[PDB]
$ cat final16.cif   # mmCIF, C-alpha atoms and all ligand atoms
data_target
loop_
_atom_site.label_atom_id
_atom_site.label_comp_id
_atom_site.auth_asym_id
_atom_site.auth_seq_id
_atom_site.Cartn_x
_atom_site.Cartn_y
_atom_site.Cartn_z
CA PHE A 3 16.26 -8.52 0.74
CA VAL A 4 13.27 -9.47 2.82
CA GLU A 5 12.75 -6.12 4.61
CA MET A 6 12.31 -4.36 1.28
CA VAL A 7 9.72 -6.81 -0.03
CA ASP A 8 6.33 -5.24 -0.22
CA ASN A 9 7.57 -1.77 0.63
CA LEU A 10 5.36 -0.07 -2.00
CA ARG A 11 1.71 0.80 -1.89
CA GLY A 12 -0.79 2.92 -3.78
CA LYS A 13 -4.18 3.10 -5.46
CA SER A 14 -4.63 1.45 -8.91
CA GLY A 15 -3.88 4.04 -11.57
CA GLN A 16 -2.56 6.72 -9.20
CA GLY A 17 1.09 5.78 -8.62
CA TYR A 18 3.17 3.44 -6.48
CA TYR A 19 4.77 5.10 -3.48
CA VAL A 20 7.41 4.28 -0.88
CA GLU A 21 7.63 5.60 2.70
CA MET A 22 10.59 7.89 3.32
CA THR A 23 11.76 10.12 6.14
CA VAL A 24 13.24 13.52 5.64
CA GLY A 25 14.87 15.72 8.26
CA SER A 26 15.78 15.57 11.94
CA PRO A 27 13.68 14.73 13.64
CA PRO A 28 12.40 12.50 10.80
CA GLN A 29 9.21 13.66 8.99
CA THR A 30 7.44 10.76 7.25
CA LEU A 31 6.16 11.21 3.72
CA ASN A 32 4.81 8.93 1.09
CA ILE A 33 6.85 9.40 -2.06
CA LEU A 34 5.95 8.40 -5.64
CA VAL A 35 8.46 6.05 -7.24
CA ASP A 36 9.12 7.54 -10.67
CA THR A 37 11.74 6.18 -13.03
CA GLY A 38 10.84 8.82 -15.63
CA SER A 39 12.40 11.79 -13.85
CA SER A 40 15.39 12.63 -11.70
CA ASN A 41 14.31 15.07 -8.96
CA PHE A 42 13.50 14.40 -5.31
CA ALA A 43 10.65 16.75 -4.56
CA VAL A 44 8.15 16.87 -1.74
CA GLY A 45 5.08 18.98 -0.94
CA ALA A 46 6.21 21.64 1.56
CA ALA A 47 3.00 23.65 2.01
CA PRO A 48 -0.72 23.06 2.43
CA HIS A 49 -2.71 21.63 -0.50
CA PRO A 50 -6.21 20.22 -0.88
CA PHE A 51 -4.85 16.83 -1.91
CA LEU A 52 -2.14 16.59 0.81
CA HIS A 53 -2.79 15.28 4.31
CA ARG A 54 0.71 16.51 5.22
CA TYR A 55 3.90 18.02 3.87
CA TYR A 56 7.60 18.68 4.53
CA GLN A 57 8.22 21.46 7.07
CA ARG A 58 11.78 22.59 6.37
CA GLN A 59 11.87 24.88 9.40
CA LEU A 60 11.30 21.90 11.74
CA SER A 61 14.42 20.04 10.58
CA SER A 62 17.68 20.79 12.37
CA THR A 63 19.59 19.24 9.45
CA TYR A 64 17.96 21.28 6.63
CA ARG A 65 20.22 23.47 4.53
CA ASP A 66 18.67 25.93 2.09
CA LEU A 67 20.42 26.02 -1.28
CA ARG A 68 19.08 29.53 -2.02
CA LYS A 69 17.94 28.53 -5.53
CA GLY A 70 14.48 27.75 -6.98
CA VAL A 71 13.36 24.98 -9.32
CA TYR A 72 10.52 24.55 -11.86
CA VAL A 73 9.48 21.39 -13.72
CA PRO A 74 6.56 21.20 -16.15
CA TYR A 75 5.32 17.91 -17.50
CA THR A 76 2.76 17.24 -20.24
CA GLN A 77 0.36 16.58 -17.37
CA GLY A 78 1.35 18.41 -14.17
CA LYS A 79 3.84 21.01 -13.02
CA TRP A 80 5.39 22.11 -9.70
CA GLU A 81 7.95 24.53 -8.34
CA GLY A 82 9.78 25.18 -5.08
CA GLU A 83 13.00 25.86 -3.23
CA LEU A 84 16.08 23.68 -3.37
CA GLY A 85 17.88 22.44 -0.31
CA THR A 86 19.49 19.44 1.26
CA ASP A 87 18.53 17.26 4.25
CA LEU A 88 18.87 13.83 5.69
CA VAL A 89 16.78 11.21 3.97
CA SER A 90 16.09 7.57 4.79
CA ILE A 91 13.86 4.75 3.55
CA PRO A 92 12.57 2.86 6.62
CA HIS A 93 11.69 -0.21 4.61
CA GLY A 94 14.88 0.15 2.57
CA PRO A 95 18.58 -0.07 3.22
CA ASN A 96 19.79 0.66 6.74
CA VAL A 97 21.51 3.94 5.76
CA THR A 98 20.90 7.69 5.90
CA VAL A 99 21.81 10.02 2.99
CA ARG A 100 22.18 13.76 2.55
CA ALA A 101 20.33 14.44 -0.66
CA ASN A 102 18.96 17.35 -2.63
CA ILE A 103 15.29 18.04 -1.91
CA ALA A 104 12.97 20.34 -3.84
CA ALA A 105 10.39 21.72 -1.40
CA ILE A 106 7.27 22.14 -3.54
CA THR A 107 5.67 25.51 -2.72
CA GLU A 108 3.16 25.47 -5.60
CA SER A 109 1.74 23.02 -8.12
CA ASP A 110 -0.91 22.39 -10.76
CA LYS A 111 -2.40 19.08 -11.81
CA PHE A 112 0.51 17.35 -10.05
CA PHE A 113 -0.86 15.92 -6.81
CA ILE A 114 -3.64 13.38 -7.22
CA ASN A 115 -6.75 13.36 -5.02
CA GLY A 116 -6.81 10.18 -3.00
CA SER A 117 -3.44 8.82 -4.22
CA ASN A 118 -1.89 9.29 -0.77
CA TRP A 119 1.54 10.42 -1.96
CA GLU A 120 3.03 13.80 -1.09
CA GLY A 121 6.17 13.88 -3.26
CA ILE A 122 8.15 12.25 -6.04
CA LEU A 123 11.37 10.20 -6.08
CA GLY A 124 12.96 10.54 -9.52
CA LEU A 125 15.27 7.64 -10.04
CA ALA A 126 16.49 8.47 -13.59
CA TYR A 127 19.77 10.17 -14.45
CA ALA A 128 21.32 13.62 -13.85
CA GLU A 129 20.92 14.63 -17.46
CA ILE A 130 17.20 15.33 -16.93
CA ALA A 131 17.40 16.76 -13.38
CA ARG A 132 16.12 20.34 -13.02
CA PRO A 133 17.32 23.05 -12.95
CA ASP A 134 20.25 21.21 -14.54
CA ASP A 135 22.45 18.19 -14.42
CA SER A 136 24.55 19.54 -11.55
CA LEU A 137 21.65 18.85 -9.22
CA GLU A 138 22.70 15.32 -8.14
CA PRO A 139 19.74 12.93 -7.99
CA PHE A 140 18.85 10.87 -4.93
CA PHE A 141 20.10 7.55 -6.15
CA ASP A 142 23.47 9.00 -7.19
CA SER A 143 23.89 10.43 -3.66
CA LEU A 144 22.85 7.18 -2.03
CA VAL A 145 25.43 5.26 -4.08
CA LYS A 146 28.22 7.86 -3.56
CA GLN A 147 27.65 8.20 0.20
CA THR A 148 27.01 4.56 1.19
CA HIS A 149 28.12 1.12 0.04
CA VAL A 150 24.84 0.38 -1.79
CA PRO A 151 25.41 -1.17 -5.21
CA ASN A 152 24.40 0.87 -8.25
CA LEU A 153 21.18 -0.93 -9.15
CA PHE A 154 17.58 -1.14 -8.04
CA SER A 155 14.69 -3.34 -9.05
CA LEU A 156 10.93 -2.96 -9.16
CA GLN A 157 8.04 -5.38 -8.79
CA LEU A 158 4.77 -3.59 -9.32
CA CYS A 159 1.79 -5.82 -8.58
CA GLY A 160 -1.55 -5.01 -10.22
CA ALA A 161 -5.02 -5.29 -8.71
CA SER A 168 -16.74 0.17 -4.21
CA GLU A 169 -16.20 3.75 -2.86
CA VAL A 170 -12.39 3.82 -3.31
CA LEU A 171 -10.06 2.47 -6.02
CA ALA A 172 -8.27 -0.88 -5.48
CA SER A 173 -5.17 -0.88 -3.24
CA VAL A 174 -1.99 -2.01 -4.98
CA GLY A 175 1.36 -3.26 -3.71
CA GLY A 176 4.93 -3.71 -4.86
CA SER A 177 8.61 -3.96 -3.95
CA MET A 178 11.52 -1.64 -4.62
CA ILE A 179 14.68 -3.55 -3.94
CA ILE A 180 17.45 -0.99 -3.48
CA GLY A 181 20.89 -2.31 -4.29
CA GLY A 182 20.05 -5.72 -5.70
CA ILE A 183 17.83 -8.46 -7.10
CA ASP A 184 15.49 -10.62 -5.01
CA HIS A 185 15.00 -14.03 -6.63
CA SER A 186 11.60 -14.68 -5.01
CA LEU A 187 10.03 -11.85 -7.07
CA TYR A 188 10.39 -13.58 -10.43
CA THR A 189 10.41 -16.89 -12.24
CA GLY A 190 12.31 -18.01 -15.29
CA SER A 191 15.01 -16.15 -17.16
CA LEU A 192 16.03 -12.52 -16.62
CA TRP A 193 16.72 -10.82 -20.02
CA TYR A 194 18.52 -7.49 -20.37
CA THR A 195 18.12 -4.67 -22.83
CA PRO A 196 20.78 -1.95 -23.02
CA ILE A 197 20.11 1.58 -21.84
CA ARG A 198 20.53 3.58 -25.01
CA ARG A 199 21.58 6.77 -23.27
CA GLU A 200 21.64 7.62 -19.60
CA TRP A 201 19.01 10.33 -19.23
CA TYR A 202 15.68 8.62 -19.10
CA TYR A 203 15.78 4.86 -18.86
CA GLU A 204 15.70 4.80 -22.64
CA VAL A 205 15.53 1.52 -24.53
CA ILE A 206 14.94 0.34 -28.10
CA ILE A 207 11.91 -1.59 -29.32
CA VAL A 208 12.65 -3.52 -32.52
CA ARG A 209 9.27 -5.17 -33.23
CA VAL A 210 5.69 -5.21 -31.90
CA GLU A 211 3.23 -8.08 -32.21
CA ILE A 212 -0.47 -8.25 -31.36
CA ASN A 213 -1.56 -11.83 -30.89
CA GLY A 214 1.41 -13.15 -32.85
CA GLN A 215 0.86 -10.74 -35.75
CA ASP A 216 3.57 -8.18 -36.63
CA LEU A 217 2.44 -4.54 -36.92
CA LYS A 218 4.95 -4.32 -39.77
CA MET A 219 5.92 -0.66 -39.20
CA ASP A 220 9.37 0.85 -39.72
CA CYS A 221 10.80 0.14 -36.26
CA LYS A 222 11.92 3.73 -35.74
CA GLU A 223 8.19 4.45 -35.35
CA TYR A 224 8.21 2.36 -32.15
CA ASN A 225 10.84 4.64 -30.71
CA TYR A 226 9.65 7.96 -32.02
CA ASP A 227 10.85 10.11 -30.42
CA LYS A 228 12.13 7.80 -27.64
CA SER A 229 11.05 4.71 -25.67
CA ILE A 230 11.41 4.86 -21.89
CA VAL A 231 10.56 2.79 -18.81
CA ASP A 232 8.50 4.93 -16.44
CA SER A 233 6.97 3.57 -13.19
CA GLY A 234 5.31 6.96 -12.63
CA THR A 235 3.23 6.66 -15.82
CA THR A 236 0.25 4.43 -15.38
CA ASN A 237 -0.47 3.48 -19.01
CA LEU A 238 1.38 1.91 -21.85
CA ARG A 239 1.64 4.97 -24.03
CA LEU A 240 2.41 4.59 -27.71
CA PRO A 241 3.33 7.08 -30.47
CA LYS A 242 0.27 8.18 -32.43
CA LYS A 243 0.86 6.00 -35.49
CA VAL A 244 1.71 2.91 -33.44
CA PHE A 245 -1.31 3.53 -31.14
CA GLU A 246 -3.65 3.69 -34.17
CA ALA A 247 -2.34 0.38 -35.60
CA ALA A 248 -2.28 -1.41 -32.25
CA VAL A 249 -5.84 -0.35 -31.43
CA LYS A 250 -7.01 -1.39 -34.90
CA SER A 251 -5.61 -4.88 -34.22
CA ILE A 252 -7.03 -5.11 -30.67
CA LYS A 253 -10.42 -3.87 -31.98
CA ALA A 254 -10.31 -6.63 -34.63
CA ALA A 255 -9.54 -9.41 -32.12
CA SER A 256 -12.23 -8.25 -29.72
CA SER A 257 -14.86 -7.35 -32.29
CA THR A 258 -17.63 -9.65 -30.94
CA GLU A 259 -17.92 -6.82 -28.39
CA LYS A 260 -18.76 -3.37 -29.68
CA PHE A 261 -17.60 -0.79 -27.19
CA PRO A 262 -17.98 2.98 -27.14
CA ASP A 263 -15.31 5.23 -28.70
CA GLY A 264 -14.70 6.51 -25.16
CA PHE A 265 -13.52 3.08 -24.04
CA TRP A 266 -10.69 2.96 -26.60
CA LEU A 267 -9.89 6.59 -25.74
CA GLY A 268 -9.27 5.45 -22.16
CA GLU A 269 -12.19 7.50 -20.81
CA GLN A 270 -15.00 4.99 -20.17
CA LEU A 271 -15.40 1.69 -18.39
CA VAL A 272 -16.84 -1.44 -19.91
CA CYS A 273 -18.42 -4.14 -17.82
CA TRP A 274 -19.34 -7.81 -17.68
CA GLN A 275 -21.27 -9.83 -15.13
CA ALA A 276 -18.95 -10.65 -12.23
CA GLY A 277 -16.44 -13.35 -13.13
CA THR A 278 -17.62 -13.59 -16.76
CA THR A 279 -15.10 -11.27 -18.48
CA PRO A 280 -14.17 -12.79 -21.86
CA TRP A 281 -10.40 -12.36 -21.52
CA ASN A 282 -9.77 -14.70 -24.43
CA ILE A 283 -11.17 -12.30 -27.01
CA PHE A 284 -8.44 -9.73 -26.14
CA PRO A 285 -5.04 -10.33 -27.73
CA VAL A 286 -1.65 -10.52 -26.04
CA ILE A 287 0.79 -7.70 -26.89
CA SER A 288 4.52 -8.48 -27.41
CA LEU A 289 7.25 -5.88 -27.45
CA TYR A 290 10.62 -7.00 -28.79
CA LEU A 291 13.51 -5.19 -27.06
CA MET A 292 17.07 -4.98 -28.33
CA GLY A 293 19.31 -7.63 -26.81
CA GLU A 294 22.76 -7.12 -25.34
CA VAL A 295 24.06 -8.97 -28.39
CA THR A 296 23.89 -7.52 -31.90
CA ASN A 297 20.99 -8.78 -33.93
CA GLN A 298 19.44 -10.38 -30.84
CA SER A 299 16.17 -9.39 -29.21
CA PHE A 300 13.81 -10.79 -26.60
CA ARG A 301 10.05 -10.23 -26.21
CA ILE A 302 8.02 -9.17 -23.25
CA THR A 303 4.44 -10.29 -23.65
CA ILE A 304 1.54 -8.78 -21.68
CA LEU A 305 -2.02 -9.94 -21.20
CA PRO A 306 -5.27 -7.97 -21.26
CA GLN A 307 -5.13 -8.43 -17.52
CA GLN A 308 -2.31 -5.85 -17.67
CA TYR A 309 -3.80 -3.40 -20.20
CA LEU A 310 -7.41 -3.57 -18.94
CA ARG A 311 -7.48 -1.91 -15.51
CA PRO A 312 -10.18 -3.00 -13.06
CA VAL A 313 -12.44 -0.32 -11.58
CA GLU A 314 -15.44 -1.09 -9.39
CA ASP A 315 -18.50 0.92 -10.51
CA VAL A 316 -20.58 2.30 -7.62
CA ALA A 317 -23.66 2.21 -9.91
CA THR A 318 -23.06 -1.44 -10.90
CA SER A 319 -20.95 -2.96 -8.12
CA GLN A 320 -21.97 -6.52 -9.09
CA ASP A 321 -20.21 -6.15 -12.45
CA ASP A 322 -16.55 -6.48 -13.34
CA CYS A 323 -15.61 -3.19 -15.04
CA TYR A 324 -12.43 -2.19 -16.91
CA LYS A 325 -10.61 0.80 -18.29
CA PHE A 326 -8.41 0.53 -21.42
CA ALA A 327 -4.93 1.55 -20.24
CA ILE A 328 -3.20 1.96 -23.60
CA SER A 329 -3.06 5.57 -24.81
CA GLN A 330 -1.66 7.89 -27.44
CA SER A 331 1.63 9.75 -26.90
CA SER A 332 3.40 12.67 -28.65
CA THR A 333 6.63 12.17 -26.69
CA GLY A 334 7.43 8.56 -27.52
CA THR A 335 6.69 5.13 -26.09
CA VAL A 336 6.29 4.94 -22.35
CA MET A 337 6.36 1.51 -20.78
CA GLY A 338 4.35 2.45 -17.74
CA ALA A 339 2.92 0.52 -14.84
CA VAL A 340 0.82 -1.50 -17.29
CA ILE A 341 3.98 -2.99 -18.78
CA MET A 342 5.80 -3.20 -15.45
CA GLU A 343 2.93 -5.02 -13.74
CA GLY A 344 3.75 -8.09 -15.85
CA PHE A 345 7.39 -8.11 -14.86
CA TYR A 346 10.16 -7.83 -12.35
CA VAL A 347 12.26 -4.99 -13.69
CA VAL A 348 15.93 -4.61 -12.88
CA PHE A 349 17.44 -1.17 -13.29
CA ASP A 350 21.07 -2.16 -13.64
CA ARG A 351 22.71 1.24 -13.77
CA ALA A 352 26.16 -0.28 -13.11
CA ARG A 353 25.94 -2.31 -16.34
CA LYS A 354 23.90 0.23 -18.31
CA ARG A 355 21.00 -2.15 -18.89
CA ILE A 356 17.41 -3.04 -17.90
CA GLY A 357 16.38 -6.58 -16.96
CA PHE A 358 12.94 -8.16 -17.37
CA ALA A 359 11.64 -11.40 -15.91
CA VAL A 360 8.11 -12.71 -15.39
CA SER A 361 6.79 -11.32 -12.11
CA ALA A 362 5.79 -13.77 -9.40
CA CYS A 363 2.83 -11.42 -8.66
CA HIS A 364 1.50 -10.76 -12.15
CA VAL A 365 -2.25 -11.29 -12.74
CA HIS A 366 -3.07 -13.99 -15.29
CA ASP A 367 -5.49 -16.82 -16.01
CA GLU A 368 -5.25 -20.55 -16.76
CA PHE A 369 -4.77 -20.11 -20.49
CA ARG A 370 -2.13 -17.38 -20.62
CA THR A 371 0.75 -15.76 -18.79
CA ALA A 372 2.86 -12.69 -19.20
CA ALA A 373 6.13 -13.87 -20.73
CA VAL A 374 9.76 -12.95 -21.26
CA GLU A 375 11.25 -15.03 -24.12
CA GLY A 376 14.41 -15.04 -26.23
CA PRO A 377 16.61 -14.89 -28.10
CA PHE A 378 15.10 -13.92 -31.46
CA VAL A 379 17.46 -13.06 -34.30
CA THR A 380 17.46 -10.72 -37.24
CA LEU A 381 20.02 -10.55 -40.01
CA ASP A 382 21.34 -7.15 -41.05
CA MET A 383 19.01 -5.40 -38.55
CA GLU A 384 17.98 -1.80 -39.11
CA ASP A 385 18.81 0.79 -36.47
CA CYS A 386 15.47 1.47 -34.67
CA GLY A 387 16.67 4.44 -32.60
CA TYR A 388 15.42 7.91 -33.39
CA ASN A 389 17.68 10.95 -33.21
CA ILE A 390 15.94 13.89 -31.53
CA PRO A 391 16.37 17.24 -33.36
CA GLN A 392 18.91 19.35 -31.52
CA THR A 393 17.51 22.72 -30.61
CA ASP A 394 19.91 25.65 -30.24
CA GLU A 395 18.96 26.04 -26.57
CA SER A 396 20.02 22.47 -25.86
CA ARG A 397 23.10 22.89 -28.04
CA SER A 398 24.23 26.06 -26.28
CA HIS A 399 24.50 24.40 -22.81
CA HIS A 400 28.02 23.70 -21.62
CA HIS A 401 28.66 20.57 -19.58
CA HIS A 402 31.77 21.03 -17.43
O1 LIG B 1 7.68 11.34 -17.24
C1 LIG B 1 7.91 12.09 -16.30
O2 LIG B 1 8.73 13.26 -16.48
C2 LIG B 1 9.23 13.78 -17.72
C3 LIG B 1 10.15 14.95 -17.38
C4 LIG B 1 9.78 16.26 -17.68
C5 LIG B 1 10.60 17.34 -17.34
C6 LIG B 1 11.78 17.13 -16.63
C7 LIG B 1 12.16 15.81 -16.32
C8 LIG B 1 11.35 14.73 -16.68
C9 LIG B 1 7.54 11.68 -14.89
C10 LIG B 1 6.67 12.74 -14.26
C11 LIG B 1 5.26 12.22 -14.44
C12 LIG B 1 5.31 10.73 -14.74
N1 LIG B 1 6.72 10.49 -14.88
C13 LIG B 1 4.57 13.01 -15.51
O3 LIG B 1 5.21 13.33 -16.56
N2 LIG B 1 3.67 13.88 -15.03
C14 LIG B 1 3.41 13.55 -13.75
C15 LIG B 1 2.48 14.02 -12.84
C16 LIG B 1 2.45 13.51 -11.55
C17 LIG B 1 3.34 12.51 -11.16
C18 LIG B 1 4.27 12.03 -12.07
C19 LIG B 1 4.32 12.57 -13.35
ZN ZN B 2 31.69 26.69 -20.54
#

$ encode --input "final16.cif" --output "structure tokens"
Amino acid sequence: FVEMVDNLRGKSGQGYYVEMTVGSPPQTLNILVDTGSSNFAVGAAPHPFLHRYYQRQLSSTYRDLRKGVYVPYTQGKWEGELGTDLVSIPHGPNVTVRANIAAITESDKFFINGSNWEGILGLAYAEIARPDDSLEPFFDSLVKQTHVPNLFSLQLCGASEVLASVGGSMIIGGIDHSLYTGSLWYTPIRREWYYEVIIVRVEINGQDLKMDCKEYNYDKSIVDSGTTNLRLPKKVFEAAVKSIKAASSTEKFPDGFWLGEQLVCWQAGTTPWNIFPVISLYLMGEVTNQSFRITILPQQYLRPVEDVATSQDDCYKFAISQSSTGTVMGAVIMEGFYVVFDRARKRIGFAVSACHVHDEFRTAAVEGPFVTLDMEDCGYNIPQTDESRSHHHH
């Protein structure tokens, strides 16, 4: 799928985006690739952080759905007017789709200064579309309207006055074998809403955290390209950081570093990678009592950032952080791996990325099988609110 190789760009820490066209004539927009949400939504009015935006009234193929939409996140919210239009991905498949589009008329802490994207492409399932699950997501429309197979795959590649440029590939409708090496291992999608999966064990430099495994998935574990960190439930974050602190303890950093709010630096090219431990997440296998591990390096979870005040140093931000809404395997995790979103077979594949950043002692790894007898169930069951219970689904 050569024409889709290297179709993503962005700034380190600010999202990976793909070029899309909406409307007739086609308006080009840079759109964030987000597997943690299910709306297609584009800036449609002026904003300090947007160079440009979708102008509905200039598209001869726009239809207004006469209905508004509102999505709040933990960080960020937007709102706008729903409609449909013609949408294509120039460096994607050679098709054109009529899809739902949310035209964002207002927003708060959503757009990111300097990120260069003007909208979001939510690739997850209808169950978490807003206003509700009858708003068909983009990928569902693409599959229904064209012959494109029901899978996509992501290779996110990690990196003085601007942040580092990043690149990646979104292969729509298949798997490109040049983007990985070694075995591709699949974990089932637990439920089709998020890309929810189940972590059964976590190791830091070979050592088990030894928590009840439901903690790893409290209250869910999801794969989200639009989240930049590996985010971990509070209790798991405190244990993991305790173990990383212990391994690295020849270096005493500020509190702010471990809080993800402060760089630490070494003389150029002298970063002591080998004092930071590898982190291994064991994911449920397709077979009962089987799992496989994805192992990331500090080159994934320490993000490079060039200090203006000390440009001769190599500086890093800690990109593991605390969550109250479950584990999020964000770009930090994904930057180790080629990730196959096999919606057709209700599973997610991982293989070692041909573009992952490593050194001569260590590599990001995908390894299995590992076997447990009489395994626990590690899934958490979210409390059902009456609101959620009252919804009909016809
Ligand atoms: O996780 C996510 O949506 C949850 C969700 C909540 C509510 C409805 C459906 C899904 C998406 C959206 C995301 C990163 N991924 C984030 O939450 N804020 C933010 C800010 C800017 C860009 C991307 C994001
Ligand atoms: Zn009903």

$ residues_near_ligand --input "final16.cif" --ligand "ligand LIG 1 (chain B)" --cutoff "6 Å" --atoms "all atoms listed in the file" --output "list in words"
residues 36, 38, 39, 73, 74, 75, 76, 77, 78, 112, 130, 234 and 235 of chain A

$ residues_near_ligand --input "final16.cif" --ligand "ligand ZN 2 (chain B)" --cutoff "8 Å" --atoms "only C-alpha atoms and all ligand atoms" --output "MDAnalysis selection string"
chainID A and resid 399:402

$ atom_distance --input "final16.cif" --atom1 "atom CA of residue A:222" --atom2 "atom CA of residue A:335"
11.1 Å

$ atom_distance --input "final16.cif" --atom1 "atom CA of residue A:37" --atom2 "atom CA of residue A:231"
6.8 Å

$ residues_around --input "final16.cif" --residues "stretch 44-51 of chain A" --least-positions-apart "2" --cutoff "6 Å" --atoms "all atoms listed in the file" --output "ChimeraX atom specification"
/A:55-57,105-107,115,120-121

$ atom_distance --input "final16.cif" --atom1 "atom CA of residue A:249" --atom2 "atom CA of residue A:293"
26.6 Å

$ closest_residue --input "final16.cif" --among "A:362, A:171, A:208, A:347" --to "residue A:316" --atoms "all atoms listed in the file"
A:171

$ residues_around --input "final16.cif" --residues "residue A:272" --least-positions-apart "5" --cutoff "12 Å" --atoms "all atoms listed in the file" --output "list in words"
residues 259, 260, 261, 262, 263, 264, 265, 266, 279, 280, 310, 311, 312, 313, 314, 315, 318, 321, 322, 323, 324, 325 and 326 of chain A

$ closest_residue --input "final16.cif" --among "A:297, A:155, A:257, A:303" --to "residue A:210" --atoms "only C-alpha atoms"
A:303

$ closest_residue --input "final16.cif" --among "A:3, A:192, A:223, A:351" --to "residue A:145" --atoms "only C-alpha atoms"
A:351

$ build_atoms --input "final16.cif" --residues "stretch 89-103 of chain A" --atoms "N, CA, C and O atoms" --output "PDB file, in the frame of the given file"
ATOM      1  N   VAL A  89      17.836  12.007   4.545  1.00  0.00           N
ATOM      2  CA  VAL A  89      16.780  11.210   3.970  1.00  0.00           C
ATOM      3  C   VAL A  89      17.039   9.726   4.216  1.00  0.00           C
ATOM      4  O   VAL A  89      18.176   9.257   4.078  1.00  0.00           O
ATOM      5  N   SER A  90      16.011   9.012   4.680  1.00  0.00           N
ATOM      6  CA  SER A  90      16.090   7.570   4.790  1.00  0.00           C
ATOM      7  C   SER A  90      14.814   6.905   4.288  1.00  0.00           C
ATOM      8  O   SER A  90      13.747   7.540   4.174  1.00  0.00           O
ATOM      9  N   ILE A  91      14.964   5.626   3.951  1.00  0.00           N
ATOM     10  CA  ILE A  91      13.860   4.750   3.550  1.00  0.00           C
ATOM     11  C   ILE A  91      13.739   3.631   4.585  1.00  0.00           C
ATOM     12  O   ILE A  91      14.550   2.697   4.611  1.00  0.00           O
ATOM     13  N   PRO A  92      12.758   3.759   5.485  1.00  0.00           N
ATOM     14  CA  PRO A  92      12.570   2.860   6.620  1.00  0.00           C
ATOM     15  C   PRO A  92      12.472   1.405   6.194  1.00  0.00           C
ATOM     16  O   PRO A  92      13.002   0.530   6.869  1.00  0.00           O
ATOM     17  N   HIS A  93      11.721   1.131   5.134  1.00  0.00           N
ATOM     18  CA  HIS A  93      11.690  -0.210   4.610  1.00  0.00           C
ATOM     19  C   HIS A  93      12.651  -0.337   3.414  1.00  0.00           C
ATOM     20  O   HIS A  93      12.352  -0.955   2.399  1.00  0.00           O
ATOM     21  N   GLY A  94      13.839   0.224   3.577  1.00  0.00           N
ATOM     22  CA  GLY A  94      14.880   0.150   2.570  1.00  0.00           C
ATOM     23  C   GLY A  94      16.183  -0.197   3.231  1.00  0.00           C
ATOM     24  O   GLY A  94      16.196  -0.816   4.304  1.00  0.00           O
ATOM     25  N   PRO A  95      17.300   0.207   2.611  1.00  0.00           N
ATOM     26  CA  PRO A  95      18.580  -0.070   3.220  1.00  0.00           C
ATOM     27  C   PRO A  95      18.766   0.679   4.548  1.00  0.00           C
ATOM     28  O   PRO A  95      18.154   1.723   4.797  1.00  0.00           O
ATOM     29  N   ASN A  96      19.600   0.115   5.409  1.00  0.00           N
ATOM     30  CA  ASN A  96      19.790   0.660   6.740  1.00  0.00           C
ATOM     31  C   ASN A  96      20.859   1.755   6.710  1.00  0.00           C
ATOM     32  O   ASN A  96      21.927   1.594   7.307  1.00  0.00           O
ATOM     33  N   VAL A  97      20.619   2.785   5.893  1.00  0.00           N
ATOM     34  CA  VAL A  97      21.510   3.940   5.760  1.00  0.00           C
ATOM     35  C   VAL A  97      20.729   5.258   5.778  1.00  0.00           C
ATOM     36  O   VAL A  97      19.494   5.267   5.688  1.00  0.00           O
ATOM     37  N   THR A  98      21.459   6.359   5.958  1.00  0.00           N
ATOM     38  CA  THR A  98      20.900   7.690   5.900  1.00  0.00           C
ATOM     39  C   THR A  98      21.766   8.547   4.980  1.00  0.00           C
ATOM     40  O   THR A  98      23.005   8.438   5.028  1.00  0.00           O
ATOM     41  N   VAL A  99      21.123   9.284   4.066  1.00  0.00           N
ATOM     42  CA  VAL A  99      21.810  10.020   2.990  1.00  0.00           C
ATOM     43  C   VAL A  99      21.493  11.512   3.134  1.00  0.00           C
ATOM     44  O   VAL A  99      20.371  11.879   3.498  1.00  0.00           O
ATOM     45  N   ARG A 100      22.472  12.371   2.851  1.00  0.00           N
ATOM     46  CA  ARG A 100      22.180  13.760   2.550  1.00  0.00           C
ATOM     47  C   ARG A 100      21.921  13.920   1.061  1.00  0.00           C
ATOM     48  O   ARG A 100      22.823  13.800   0.249  1.00  0.00           O
ATOM     49  N   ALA A 101      20.713  14.348   0.727  1.00  0.00           N
ATOM     50  CA  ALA A 101      20.330  14.440  -0.660  1.00  0.00           C
ATOM     51  C   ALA A 101      19.751  15.822  -0.923  1.00  0.00           C
ATOM     52  O   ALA A 101      19.295  16.497  -0.008  1.00  0.00           O
ATOM     53  N   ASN A 102      19.771  16.235  -2.181  1.00  0.00           N
ATOM     54  CA  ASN A 102      18.960  17.350  -2.630  1.00  0.00           C
ATOM     55  C   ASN A 102      17.463  17.075  -2.459  1.00  0.00           C
ATOM     56  O   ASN A 102      16.979  15.960  -2.717  1.00  0.00           O
ATOM     57  N   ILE A 103      16.744  18.085  -1.973  1.00  0.00           N
ATOM     58  CA  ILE A 103      15.290  18.040  -1.910  1.00  0.00           C
ATOM     59  C   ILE A 103      14.723  19.315  -2.465  1.00  0.00           C
ATOM     60  O   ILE A 103      15.101  20.388  -2.016  1.00  0.00           O
TER      61      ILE A 103
END
